[PDB]
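Each chain, written out:
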Number of protein chains: 4
Amino acid sequence: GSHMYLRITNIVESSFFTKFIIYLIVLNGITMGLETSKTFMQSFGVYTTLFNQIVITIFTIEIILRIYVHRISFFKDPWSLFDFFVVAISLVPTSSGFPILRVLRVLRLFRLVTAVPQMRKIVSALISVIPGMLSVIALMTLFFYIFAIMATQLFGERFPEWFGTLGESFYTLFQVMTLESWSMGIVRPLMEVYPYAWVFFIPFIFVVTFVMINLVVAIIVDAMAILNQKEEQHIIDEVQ
Amino acid sequence: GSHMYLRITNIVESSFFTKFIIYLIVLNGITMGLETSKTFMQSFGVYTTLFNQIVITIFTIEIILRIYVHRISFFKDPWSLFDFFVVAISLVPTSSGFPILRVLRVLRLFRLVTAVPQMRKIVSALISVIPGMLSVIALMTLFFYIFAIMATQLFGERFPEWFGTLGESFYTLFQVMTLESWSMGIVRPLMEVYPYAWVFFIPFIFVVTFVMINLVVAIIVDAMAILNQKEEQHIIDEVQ
Amino acid sequence: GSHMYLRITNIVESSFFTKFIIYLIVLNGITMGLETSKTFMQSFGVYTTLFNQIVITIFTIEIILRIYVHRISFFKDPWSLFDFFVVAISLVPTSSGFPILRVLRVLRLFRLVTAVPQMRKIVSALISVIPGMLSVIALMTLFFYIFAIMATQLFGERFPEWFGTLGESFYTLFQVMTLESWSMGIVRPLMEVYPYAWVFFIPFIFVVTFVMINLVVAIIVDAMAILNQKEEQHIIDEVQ
Amino acid sequence: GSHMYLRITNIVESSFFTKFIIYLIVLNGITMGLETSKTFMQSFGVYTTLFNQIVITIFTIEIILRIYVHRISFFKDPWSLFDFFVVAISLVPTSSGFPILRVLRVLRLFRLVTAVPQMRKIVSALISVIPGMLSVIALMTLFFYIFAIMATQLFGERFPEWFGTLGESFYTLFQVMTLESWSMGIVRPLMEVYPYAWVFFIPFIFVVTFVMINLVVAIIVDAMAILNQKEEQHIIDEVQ
Ligand SMILES: CCCCCCCCCCCCCC(=O)OC[C@H](COP(=O)(O)OCC[N+](C)(C)C)OC(=O)CCCCCCCCCCCCC
Ligand SMILES: CCCCCCCCCCCCCC(=O)OC[C@H](COP(=O)(O)OCC[N+](C)(C)C)OC(=O)CCCCCCCCCCCCC
Ligand SMILES: CCCCCCCCCCCCCC(=O)OC[C@H](COP(=O)(O)OCC[N+](C)(C)C)OC(=O)CCCCCCCCCCCCC
Ligand SMILES: CCCCCCCCCCCCCC(=O)OC[C@H](COP(=O)(O)OCC[N+](C)(C)C)OC(=O)CCCCCCCCCCCCC
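The rules behind the values
Numbers given for residues start from 1 on each chain and follow the written sequence, which can depart from the numbering in the entry; residues without coordinates are excluded. Following the order in which they are written, the chains are lettered starting with A and the ligands numbered starting with 1. Excluded from the side-chain calculation are hydrogens and water; included are all heavy atoms of the structure. Residues with missing side-chain atoms are left out of burial classes, side-chain pairs and their counts. Segmentation into domains, and thus their bounds, comes from an automatic or database assignment. Here an angle of 0 to 180 degrees is reported between the N-to-C directions of two axes, which are lines fitted to C-alpha atoms, with helices fitted over the stretch in contact. Starting at the N terminus, helices and strands are each numbered in turn, a helix being any DSSP run of H or I of at least four residues and a strand any DSSP run of E of at least two. Angles are sorted into four bins: roughly parallel if under 35 degrees, roughly antiparallel if over 145, roughly perpendicular if 65 to 115, and oblique for all others. When checking whether two residues touch, look at their non-hydrogen atoms; a contact exists if any pair is within 4.5 Å. Basically, the charged four are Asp, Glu, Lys and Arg, the nonpolar ten are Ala, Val, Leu, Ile, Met, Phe, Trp, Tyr, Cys and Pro, and anything else, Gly included, counts as polar. UniProt positions are given in the numbering used here, feature names are shortened, and annotations may be inferred rather than shown by experiment. The criterion for a residue being near a molecule or strand is simple. One of its heavy atoms has to lie within 4 Å of it. Just so you know, the copies are superposed with least squares on the C-alpha atoms alone. For every accessible area listed, the method is Shrake-Rupley and the probe measures 1.4 Å; residues are considered covered only by the protein chains on display. Summed over both partners, the accessible area lost on bringing two parts together, with a 1.4 Å probe, is the buried area. By definition, a salt bridge exists where a carboxyl oxygen of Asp or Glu is found within 4 Å of a side-chain nitrogen of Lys or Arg. Polar contact is the term for a pair of N or O atoms within 3.5 Å; when the atoms are in protein, one must be able to donate a hydrogen and the other to accept it, and sequence-neighboring residues count only if both atoms are side-chain atoms.

Method of determination, as given in the entry header: X-ray crystallography; reported resolution: 3.11 Å.

In structure tokens form, the structure reads like this:
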């Protein structure tokens, strides 16, 4: 709370500021989708690479300004910590070799979430249910890891593409979970060498599906014992 | 409100009128399904092409009559705006070349919805939930568009059939969303050139599915906080 | 209500009677599953064909007895009308040529439903929800029939195996509904001749899925406005 | 209740005891996942086979101790009966030939459930709903067994890989239930010999899916007539 600090704060917390940031994001969005076309990039190539690092600096300025305003509440606000990390990624130069970092630039279009509250509310409601599932996710991951071990010991010999490695089984088992060609592509070929592989996979499909179903039925039915107690006491409220 | 206007209005708003329109629709339905057979079309070919443009004019007459009756309320009633556009399509002649317009004729069997209230009510209940999802659809589309860009930059070089174009990635990613041969057909071939493509697609499958599930759980659980407040206040109603 | 009529009725409505019928059904079940094996059928072949027509006559006797008891209430009780038709099928001899009728014999194992009330209750609860869906099924079938026509006109020329016939499109479209290899197997081959077939199928997948989801959300949420009014009035019951 | 019995009981029922057991389980978990790598097993091979039978004896000791404490309540506590059977499996030596028993060792990582109450509660909630489904599972299994018989009689001749055996049809039908390449892989090849096989499988897909959906809708809606009566009477509670 000072002279220039508060002058800054009026700009950062302003309508024009976020409007402009969003306005820029949508442009850099169309910019980055047009960068897809070599027809475009052959012609108007530099027009966009410049436009990008114009926007990167603006976003860096904007992040710096928001830090001076928000102090510690910036590095505990997830939506800002995202904007920090998602813009810092775009500041690591292409001079560092690793080819994907020039592609991680595009994640800065996710600012359209953190800077638009309609999206922020949806995103929050989806993350809101994850912590209740963290213990069901835990059992599933242990389930996968136990069956990843067994499959790597049972099938990775005669089938190394699918099971020769704990990870290759993890991927394959996750594909069995999606039911993606689990039978025609995996178990039926496995069965023409190991006749009983169906004893492994048919129960695995049963458990990992039946659990996924109860994960949802838990979410719904347990969400609505609350609406049936928040109502109950507010009906017991008005009966004395 | 006049002499002939009101004479017309009794016909348009009548039971016989809609009954006849529906009666015609069902016939032109069987007409258009029999037009499938060359055995039929070789024999009774003209019997149907005539029958069609008999029905088209009747439907044009009927649309004209309904406009004189309903005035502005016809061009704000969606069910009529449909009948308008769906019959106007059938009036663009096959003399205009574009081959599909002779196939868009069949959409005039969707009149059986707009002209039968039992269907109109179902259709209304399905469209009724879309506006609540428009913001979740928005995030998904941005999600797709961000990952469509990245995939087109990561894989369209060595895999142009699947990712060489922002649209080809959009289609492919939508196929990954359906889980349609996402692993055997796409990611496993991708991995034999790009070993880490699973880091791209396994999370994409996670997010785009987990969101689709919460879209439904939102629809159900939020629909029924209303039945638990419309009930609550009607229980608080009768306790004073 | 007589002398022999009532003597009969004590047997038909008895515990031993249904117990024996069920006891027989389970045996003819194992009989018919062992008829699968040629190893068995080569050895104990006649032991079962006899056993079957022993049970068929018993079931015919039992149906005749139940008709004399139940009079008109037998030909309006669905569970009996089933037992009637499902045993009458087993009485059409193999002397009539049509090869499948000797296989329709097996449907007489569905008696284990109609004769065991625990199953009858489940079956009733599943059929119970069908009549509410009959109008949503109606729209879907019209939707399929409209898009079956269009696809047969758009693709059956260059793709007769999938679309050359209104039925072949019906089957294919139902396979697109199941998402069974809809892209790799169907639309992607279609697109290498008709580049815009994705404009046909991607919306078709959208509608026919989005409707299937709302069919369930309708079932759940509407079932439980009843439990929230049967409760409400029974709470308004006790507040005067 | 004695001198040494109660000395033992303080150790078994202690925090350190279960903490140590869990601490060991997590190590033997990483041990067994590293046993996947031949690079590891070539080098530090004996380091783990020893470590395993160190843990097996500790778990045997621990099971023996828990039996002396818990007496009959150990052989009626499912979580212990599991630990008993899951460790007894690891005590059958590899000297008995059957190759899989050395792989069933890994199931002793499921102790991390029975020994961690956060997991035990989830597991209990998932098993909790199974007994309500036991009668719906029963009908499905009879449904499968009836259609497994018919398919083995209809298709196992010209298609022995898929239907030549009651079990091969069971597996195939379960794959049709998963919708795993049911059309492209199974029914479409069947139809190019048996043109009407779609009359078999399209209804089978209908029934076995429609039932699976009602299984869930039953679980949800019936779970919440209870929350709407446990609430109702607790609202009728406070209105006298
Ligand atoms: C209701 C619950 C729903 C979620 C259930 C989750 C079950 C467990 C995760 C399964 C996901 C499958 C992951 C997967 O693709 O595994 C591959 C990796 C890497 O192995 P790698 O050998 O590098 O890749 C094989 C392919 N290759 C050779 C061409 C590179 O394999 C590994 O390295 C092991 C992966 C273990 C993942 C554990 C992550 C932390 C806990 C789970 C968090 C999940 C997201 C919320
Ligand atoms: C819970 C949410 C569920 C819905 C999630 C929706 C996610 C976003 C839409 C994904 C649907 C996939 C669309 C698709 O097939 O994309 C293809 C098009 C055209 O690209 P194009 O390169 O012409 O086609 C490739 C194939 N080829 C070369 C043989 C012609 O690609 C494009 O041109 C871009 C398509 C962008 C669609 C944006 C439409 C407006 C917003 C989304 C509305 C969705 C329906 C309610
Ligand atoms: C939420 C709703 C879920 C249910 C949505 C149902 C949508 C409509 C039914 C779709 C089911 C697909 C039926 C199907 O496989 O169609 C094939 C038939 C026969 O055509 P056909 O050309 O004989 O068979 C082609 C294959 N071939 C040449 C090797 C014999 O094609 C036909 O002949 C036309 C079939 C029209 C079926 C209309 C049946 C009455 C109304 C729907 C009742 C559905 C069950 C409750
Ligand atoms: C809403 C309900 C959801 C659950 C629905 C369950 C429907 C019935 C079970 C279907 C599961 C499919 C089982 C399966 O893979 O069957 C194969 C077995 C063994 O036949 P087999 O000929 O040995 O294996 C064929 C493959 N080969 C030649 C390479 C070895 O086939 C048999 O031997 C017969 C299997 C009968 C299983 C009956 C088990 C007891 C009742 C069901 C319990 C299910 C788990 C809770």
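S.K.: Is there a simple way to think about the domain arrangement of chain A in this case?
M.R.: Accessible area lost on assembly of the parts is the figure often given for the size of an interface. Along its sequence, chain A is carved into domain 1 (4-115) and domain 2 (121-236). Here the C-alpha centre of domain 2 of chain A lies 37 Å away from the C-alpha centre of domain 1 of chain A.

S.K.: How should I be thinking about the packing of helix 7 (residues 117-154) of chain A against helix 11 (residues 197-223) of chain B in this particular structure?
M.R.: Each packed pair of helices is defined by two parameters, the angle between the axes and the distance between the axes. Put simply, helix 7 of chain A and helix 11 of chain B touch, their axes get as near as 11 Å, and they point 100° apart. Our classification of the angle between helix 7 of chain A and helix 11 of chain B gives roughly perpendicular. Within the contact between the two elements, helix 7 of chain A uses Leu 126, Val 129, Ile 130 and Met 133 of chain A and helix 11 of chain B uses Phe 210, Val 211 and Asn 214 of chain B. Classifying every residue of the contact of helix 7 of chain A with helix 11 of chain B by side-chain character gives six nonpolar, one polar and no charged.

S.K.: Explain the UniProt feature "transmembrane region" (unreviewed entry) in chain A to me, please; I cannot follow it from the model alone.
M.R.: Residue and element names in this part refer to chain A. UniProt's feature table lists "transmembrane region" (unreviewed entry) at residues 15-34, 46-69, 81-101, 122-150 and 196-221, given in the numbering used throughout. When the span residues 81-101 is considered, its composition is 43% helix and 0% strand, and the gap between its end C-alpha atoms is 19 Å. As annotated, residues 122-150 comprises 100% helix and 0% strand, and the C-alpha atoms at either end are separated by 40 Å.

S.K.: What exactly am I supposed to notice about the site of ligand 4 here?
M.R.: In the vicinity of ligand 4 there are 16 residues, among which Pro 195, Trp 198 and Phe 206 of chain A together with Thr 141 and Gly 167 of chain D approach most closely. Taken together, the residues near ligand 4 originate from chains A and D. Looking at the shell around ligand 4, the elements that each hand over two or more residues are helix 11 (197-223) of chain A together with helix 7 (117-154), helix 9 (166-177) and helix 11 (197-223) of chain D. For the shell around ligand 4, the element with the most residues is helix 9 of chain D, which contributes five residues. Grouping the constituent residues of the shell around ligand 4 by class yields twelve nonpolar, three polar and one charged.

S.K.: It is not clear to me how the relation of the copies chain B and chain C should be interpreted in this structure. Could you clarify?
M.R.: The relation between the two chain copies is a rotation about an axis coupled with a shift along that axis. Mapping chain B onto chain C is achieved by rotating through 90° and translating by 0.0 Å along the same axis, at an RMSD of 0.0 Å. Taken together, the rotation and translation describe the operation of a four-fold axis. Proximity to the rotation axis, assessed at the C-alpha, singles out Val 239 of chain B in chain B; its C-alpha lies 4.4 Å from the axis. When the interface residues of chain B are mapped onto chain C, a mere 16% of them are again interface residues, pointing to distinct binding faces.

S.K.: In this structure, what is going on with the site of ligand 2? I would like to understand it.
M.R.: Contacts to ligand 2 come from 16 residues, most closely from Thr 141 and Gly 167 of chain B together with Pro 195, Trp 198 and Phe 206 of chain C. Chains contributing residues to the immediate surroundings of ligand 2 are chains B and C. Its free accessible area being 1,000 Å², ligand 2 has 66% of it covered by the protein chains. For the shell around ligand 2, the secondary-structure elements that each account for two or more residues are helix 7 (117-154), helix 9 (166-177) and helix 11 of chain B together with helix 11 (197-223) of chain C. In terms of residue count, the dominant contributor to the shell around ligand 2 is helix 9 of chain B (five residues). A breakdown of the residues in the shell around ligand 2 according to their chemical character gives twelve nonpolar, three polar and one charged.

S.K.: Explain the interface of chain B and chain A here, please?
M.R.: Listed per partner, the contact involves 45 residues of chain B and 45 residues of chain A. Taken over both partners, the interface formed by chain B and chain A buries close to 3,800 Å², and the fraction arising from carbon and sulfur atoms is 75%. For chain B, the biggest contributors to the area lost against chain A are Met 184, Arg 188 and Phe 210 of chain B; these three give 15% of the whole. Taken together, chain B and chain A are joined by zero salt bridges. Counting the contacts that link chain B with chain A gives twelve residue pairs in polar contact. When contributions to the side of chain B that touches chain A are tallied by element, the ones reaching two or more residues are helix 7, helix 10 (182-191), helix 11 and helix 12 (230-236) of chain B. Examining the composition of the side of chain B that touches chain A, we find that 14 residues originate from one element, helix 7 of chain B, more than from any other. Tallied by class, the residues present in the side of chain B that touches chain A amount to 32 nonpolar, nine polar and four charged.

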